[PDB]
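A.B. asks: Structure in structure tokens, see below.
Counting neighbours? That spans all protein chains shown, and the Cβs are built from the backbone with ideal geometry, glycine included. Since every read-out is calculated from the coordinates, none of them should be taken as a lab result.
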Amino acid sequence: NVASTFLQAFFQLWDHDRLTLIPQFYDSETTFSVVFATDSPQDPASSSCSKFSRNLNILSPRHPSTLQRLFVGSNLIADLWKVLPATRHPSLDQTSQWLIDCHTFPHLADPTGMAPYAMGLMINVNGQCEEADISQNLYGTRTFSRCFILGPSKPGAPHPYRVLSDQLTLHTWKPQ
């Protein structure tokens, strides 16, 4: 199971050494997205994304009830990831915590040009984690859904597969 192998490594790194993930799996073609709500009072990630978008003037005003999405190109991924809260994810060994779906996506082009089509992998992850922001002194449990789109990597890549798209949706944050 490639998804389990990828997610086990991905989330362990995401907790302790996330920036390592970018050179390994991410490239110039990749896009990263975060969906969050402005309404939440004690949400650390929402404030982090909100401040980040404002600083780079990326933010576009919407109704408070309306959901907000922040998407960044390859150059901005590292800086955005830095700002996001520290997280501790439960091991995938605990089946109750994670719901993982892995599906083939045979619509991708072949970078080599050797074959007409290239095999693509789509990974959807439902999980929970412990989000802590020390500077704010905010601690809580997060509910999230994350979607990965995997395709064949470009030449000189560390790994055979790369992340074409990464979409993170922040649903609920429970204090203490």
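A.B. asks: Test of understanding: among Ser91, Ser50, which residue is under 28 Å from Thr141 (Cβ atoms), in contact with a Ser or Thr (Cβ under 9 Å, 6 or more places away or on another chain) and not basic (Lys, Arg)?
C.D. replies: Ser50
A.B. asks: Please work out which one of (1) out of contact with any helix residue (DSSP H, G or I) (no Cβ under 8 Å at 6 or more places or on another chain); (2) surrounded by 14 or more Cβ atoms within 10 Å (Cβ to Cβ); (3) of a type outside the set (S, T, N, Q) is the condition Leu59 fails and give its number.
C.D. replies: Failing condition for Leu59: (1).
A.B. asks: Show the residue pairs that are 6+ apart or on different chains and have beta-carbon atoms under 7 Å apart, the first residue being within the range 158-176 and β-branched (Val, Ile, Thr), the second being assigned to a strand (DSSP E or B) and surrounded by fewer than 16 Cβ atoms within 10 Å (Cβ to Cβ).
C.D. replies: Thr169/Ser145; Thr172/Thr143
A.B. asks: Consider the range 78-96. How many of its residues are exposed (fewer than 14 other Cβ atoms within 10 Å of the Cβ) and either acidic (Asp, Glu) or touching a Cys at 6+ places or on another chain (Cβ under 7 Å) (or both)?
C.D. replies: Here the count works out to 3.
A.B. asks: Going through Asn137, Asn75 one at a time, which residue ends up being surrounded by fewer than 16 Cβ atoms within 10 Å (Cβ to Cβ), free of Cβ contacts under 8 Å to residues at least 40 places away in the same chain, on the phi > 0 side of the Ramachandran plot and not small (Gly, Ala, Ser)? Spell out how you get there, then give the answer.
C.D. replies: Working: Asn75 fails: on the phi > 0 side of the Ramachandran plot.
Sole residue among the options that is surrounded by fewer than 16 Cβ atoms within 10 Å (Cβ to Cβ), free of Cβ contacts under 8 Å to residues at least 40 places away in the same chain, on the phi > 0 side of the Ramachandran plot and not small (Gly, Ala, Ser): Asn137.
A.B. asks: Which condition number does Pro152 fail, the rest of (1) in contact with an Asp or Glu (Cβ under 8 Å, 6 or more places away or on another chain); (2) surrounded by 15 or more Cβ atoms within 10 Å (Cβ to Cβ); (3) farther than 22 Å from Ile100 by Cα being met?
C.D. replies: Every condition holds for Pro152 apart from (3).
A.B. asks: Scan the range 66-89 for residues that are farther than 11 Å from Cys49 by Cβ, in contact with a strand residue (DSSP E or B) (Cβ under 7 Å, 6 or more places away or on another chain) and in a loop (DSSP other than H, G, I, E, B) and jot them down.
C.D. replies: Those that are farther than 11 Å from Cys49 by Cβ, in contact with a strand residue (DSSP E or B) (Cβ under 7 Å, 6 or more places away or on another chain) and in a loop (DSSP other than H, G, I, E, B): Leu67, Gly73, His89.
A.B. asks: Go through the range 53-73 and report how many residues are aliphatic (A, V, I, L, M) and under 22 Å from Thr143 (Cβ atoms). I'd like the intermediate steps shown before the answer.
C.D. replies: Going through the range 53-73, the residues aliphatic (A, V, I, L, M) turn out to be 56, 58-59, 67, 70, 72.
From what's left, under 22 Å from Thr143 (Cβ atoms): 67, 70.
Qualifying residue count for the region: 2.
A.B. asks: So which residues in the range 97-134 are loosely packed, with under 13 Cβ neighbours inside 10 Å, of a type outside the set (A, V, I, L, M) and assigned to a strand (DSSP E or B)?
C.D. replies: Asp101, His103, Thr104
A.B. asks: Another question about this same structure. Collect the residues in the range 93-134 that are touching a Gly at 6+ places or on another chain (Cβ under 7 Å), among the small types (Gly, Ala, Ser) and either over 20 Å from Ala9 (Cβ atoms) or touching a residue at least 60 places away in the same chain (Cβ under 8 Å) (or both), keeping them in residue-number order.
C.D. replies: Hit for the range 93-134 is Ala118, nothing else.
A.B. asks: Continuing with the same structure: Which of the residues belonging to the range 39-70 are over 19 Å from the mean Cα position of the chain (by Cα), closer than 14 Å to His171 by Cα and hydroxyl-bearing (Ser, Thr, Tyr)?
C.D. replies: Selection gives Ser40, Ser65, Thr66.
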